[PDB]
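Residue numbers (the authors' numbering), protein chains in the order written: chain B, 3 to 185, 190 to 230; chain A, 2 to 183, 191 to 230.
Just so it is clear, CB atoms sit at the ideal spot from N, CA and C, and this is done for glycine as well.
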Amino acid sequence: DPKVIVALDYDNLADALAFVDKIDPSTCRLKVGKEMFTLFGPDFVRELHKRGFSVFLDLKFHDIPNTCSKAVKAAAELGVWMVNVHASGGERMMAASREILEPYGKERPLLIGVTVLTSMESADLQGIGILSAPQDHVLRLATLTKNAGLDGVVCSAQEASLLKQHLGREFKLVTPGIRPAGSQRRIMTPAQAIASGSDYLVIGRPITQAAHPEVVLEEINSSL
Amino acid sequence: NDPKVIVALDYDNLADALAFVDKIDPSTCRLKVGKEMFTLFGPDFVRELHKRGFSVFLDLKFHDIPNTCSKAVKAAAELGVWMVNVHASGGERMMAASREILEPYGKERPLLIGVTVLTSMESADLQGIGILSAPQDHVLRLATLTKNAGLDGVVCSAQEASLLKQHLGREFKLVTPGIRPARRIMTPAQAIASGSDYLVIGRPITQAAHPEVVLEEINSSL
Ligand SMILES: O=c1ccn([C@@H]2O[C@H](COP(=O)(O)O)[C@@H](O)[C@H]2O)c(=O)[nH]1
Ligand SMILES: O=c1ccn([C@@H]2O[C@H](COP(=O)(O)O)[C@@H](O)[C@H]2O)c(=O)[nH]1
């Protein structure tokens, strides 16, 4: 169970594949987001599966229940390991998505909810009609996600321990915004996040921009 | 006469979708590619539609951090789509960044539209996600945020259309789904008269034995 999910945020297929060729699929999982999926589609995800990697399809679906569920079903058809949706889409939308994956069995993708994007501070939330403190809104949405029957949520390292306390050990926490010691004490390290309760670490640049990415991943894995 | 109908392509198989597109003309409608078909068939499907002469509304409702949402919108511009949308709930900065990344494309950029409150959300659903304001008021708040962020318009219901035009202007485009050809559900003529700039219609056309006739009846009623 590799804990690191490497973020692939390239605007060029050649560079992305050149990078993946340097990595052992038993040492990490990969994340394909809106940029690469909009540019290269499901064939890129298939290219990653052909290479032996498990993928986290980070498309944060957010639409009416019928549509969101069909998008999640499409992710299951692609055979991805994990897929996410916005908790702001509501309990009904999330429940419908979890229901449509039941026939896929034990191999279905893990279905994760997005609470409050890290880019949203109080002023940003007030702009979209949310008056609650961001931390309280995160708990509200994470709880809604668990109640809808989802597998976990994406959360920051700072939010991890509190979520794990309120929602339980089995509810999975996927955490981006991690940096190896060195390279700010305010940003948690992989070890600090895992200790806090993060189940998976989403790491991009520290690995993708490294001269020797296989070495950086080995160092991260060894530190855990 | 510029076509006002955008036909929703919500198929789970490519053969069926293309069999339909082969029987309608791009001078009579535009097409909408949503999360289902894009997740299943990707940008190559949009390219097939473009090769056939159709303009496409890429309905992926991007909602992410500003850097990512903007790179997704830029990707839509690279694909050459006519229109693309994002969630207004993503915030003013996310929306503004998405509009700013399109500047280098000049007039070839796609139209950028905001999604306000999904039709599936009534008061109970909104309260569940921490929104206590009346859905109608929340729609105006989000639509206003979208205009202030520099976007071209929003997706809205036929009922919301006239009020949005009154507050945001004739130049702020309104894309309206939930329309049915001819009493609570507005007809194409009723929605256009209210301010809708485009009408998103799926099943009445995609399930028809004679889609061209249905489109002509709709178009001739405007
Ligand atoms: O608070 C954060 C931090 C990072 N990321 C995303 O997680 C991945 C890893 O980021 P990085 O390690 O390259 O900064 C990227 O896709 C980045 O956009 C977030 O979604 N939220
Ligand atoms: O209130 C609505 C009504 C319809 N649709 C969408 O608009 C398209 C046309 O719907 P229909 O004409 O097939 O009902 C479909 O993609 C449908 O999911 C909405 O998003 N909101």
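Name the one or two DSSP bridge partners that residue 1 (chain A) has.
-> As shown, chain A starts at 2 and ends at 230. That puts residue 1 (chain A) outside it, with no answer to give.
Residues that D65 (chain A) contacts on chain B, provided the C-beta gap is smaller than 7 angstroms | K36, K62, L119
beta-carbon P111 (chain A) near ligand 1 non-hydrogen atom, thresh 8 angstroms | no
Could you tell me which residues DSSP pairs with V156 (chain A) in its beta bridges?
-> A:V116, A:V176
Evaluate the contact criterion for the segment 148 to 166 of chain A versus the segment 92 to 99 of chain A: three or more CB pairs, one atom per stretch, below 8 angstroms.
-> yes
Just confirm the distance between the C-beta atoms of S99 (chain B) and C70 (chain B), as a whole number of angstroms; I'd bet it's less than 8 angstroms.
-> 6 angstroms
Inter-residue Cα distance where the pair is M194 (chain B) and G154 (chain B) | 20 angstroms
For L143 (chain B), I'd like the list of residues in its chain whose CB is within less than 6 angstroms of its CB, leaving aside the five on either flank, ordered along the chain.
-> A89, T117
State yes or no: is the beta carbon of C157 (chain A) nearer than 9 angstroms to at least one beta carbon in chain B?
-> no
Are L59 (chain A) and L41 (chain A) touching if we call contact CB-CB under 9 angstroms?
-> no
Closer than 8 angstroms: is that where the CB of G115 (chain B) sits relative to any heavy atom of ligand 1?
-> no
Within the 9 angstroms Cβ cut-off, does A89 (chain B) reach chain A?
-> yes
Nearest chain B C-beta to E161 (chain A) closer than 9 angstroms, yes or no?
-> no
Buried or exposed (CB count within 10 angstroms, at least 16 for buried), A76 (chain A) = buried
Does ligand 2 have a heavy atom nearer than 8 angstroms to the CB of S158 (chain A)?
-> yes
Examine the Cβ distances between the segment 161 to 179 of chain A and the segment 202 to 212 of chain A and report whether three or more of them are shorter than 8 angstroms.
-> yes
Closer than 9 angstroms to chain B by CB, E93 (chain A) = yes
When burial is assigned at 16 or more other CB atoms within 10 Å of the CB, is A183 (chain A) buried or exposed?
-> exposed
Note down, in chain order, every chain B residue with its Cβ under 8 angstroms from the Cβ of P44 (chain A).
-> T40, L41, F42, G43
Once you ignore the five residues that flank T120 (chain A) on each side, which residues in its own chain have a CB closer than 8 angstroms to its CB?
-> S158, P178, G179
Contacts of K72 (chain B) in chain A (Cβ-Cβ under 8 angstroms) | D11, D13, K36, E37
For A77 (chain B), go through chain A and note every residue whose CB falls closer than 9 angstroms to its CB, in chain order.
-> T40
Chain-ordered neighbours of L146 (chain B) on chain A, where CB pairs are closer than 8 angstroms | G129, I130
Is the shortest distance between the beta-carbon of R142 (chain A) and the beta-carbons of chain B less than 9 angstroms?
-> yes
Based on Cα-Cα distance, which residue from A:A217, A:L141, A:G115 lies nearest to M84 (chain A)?
-> A:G115
Nearest to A20 (chain A) by alpha carbon, out of A:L50, A:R31, A:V6, A:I7?
-> A:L50
Runs of alpha helix (DSSP H) lying entirely within the segment 78 to 136 of chain B, each at least 4 residues, in chain order = 93 to 102, 124 to 129
Pick from B:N227, B:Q198, B:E220, B:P136 that is closest to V22 (chain B), judged by C-alpha positions = B:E220
How would you call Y106 (chain A), buried or exposed, if buried means at least 16 neighbouring beta carbons within 10 angstroms?
-> exposed
Which residue's Cα is closest to the Cα of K33 (chain B): B:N227, B:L230, B:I213?
-> B:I213
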